[PDB]
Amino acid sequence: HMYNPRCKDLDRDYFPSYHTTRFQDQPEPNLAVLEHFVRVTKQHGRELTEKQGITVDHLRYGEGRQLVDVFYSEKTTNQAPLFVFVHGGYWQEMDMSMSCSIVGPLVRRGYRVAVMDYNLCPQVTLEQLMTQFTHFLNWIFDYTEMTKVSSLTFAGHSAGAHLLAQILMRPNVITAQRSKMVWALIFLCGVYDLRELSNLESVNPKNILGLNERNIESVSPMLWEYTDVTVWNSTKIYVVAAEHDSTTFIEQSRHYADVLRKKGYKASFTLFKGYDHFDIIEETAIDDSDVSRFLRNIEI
């Protein structure tokens, strides 16, 4: 138990749902929280286009679930900045319909918002999902370039934070110019070192992540040898943990922030009071929420 010197149970430290303070009168609060998350995020999604006057374009960067929905207000110019959101779900669950809580307040602040979906393990190995995600980063920059827009922010949650980390190490796709377009990278409650969970059946049953010893460094942002850091020093990096996450998740974020800082990235660690791993996303649908205020404050 790296990341939790005082851990008793390594598995439960890898399921953030056991770590909330919500639904503590529920016999299984971990299932309550998941149920609630599914429900409210689907509701946020419908409210975006049925109530909030927001428009969506349904696009694709690949076959099947490799989709990108772009949300915008027609009352706003087409040359607005683009905010990109990458959803979580341990590379094996979640979809677009539960991923759009973040959209509404951003559109009201004058962003266009791209919410993407991806193929899940074991339809791909994690390595292959990562190659596909590289196709997505190429797509999003081609899309922004075509639109002749040259300001972006990316944010990923959980597994999505893990995925987003490769943006720092794909220079055959991410040119110096592409890098210079990025205002900020936001890593919400991600995981960055997969050596412990790779060996657990509860997280990686029957090895559906398709992991092993040759590729464990490559799927672990924590362990990479970062190079050409200088092209990112126009980009602010925010590594964020929720206070009510597992100590393992919290420390994974703290340590990843340390790794980046030590490499010379403009990175910071934030422990966000009052949130667990889930409501930190749920509350992004509320303009006045603490998390919303945080995202807004990044702009300054």
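Residue positions are given as counts along the sequence shown, with the first one as 1.
The question of which stretch, 173 to 181 or 197 to 205, has the higher mean Cα B factor is settled in favour of 197 to 205. Looking at 107 to 115 and 220 to 228 together, the entry lists the larger mean B-factor for 220 to 228, computed on C-alpha atoms. Highest CA B-factor among 248, 41, 235, 49, as stated in the entry: 248. Note on 148, 157, 135, 214: the highest value goes to 214, judged by CA B factor as recorded. Sorting the modelled residues of the chain by their CA temperature factor places residue 142 in the lowest third.
Residue 30 sits in the highest third of its chain by CA B factor, as recorded in the PDB entry. Per the deposited record, the Cα B-factor of residue 189 falls in the middle third when ranked against the other modelled residues of its chain. The PDB entry assigns residue 58 a C-alpha temperature factor belonging to the lowest third of its chain's modelled residues.
The PDB entry assigns residue 95 a C-alpha temperature factor belonging to the middle third of its chain's modelled residues.
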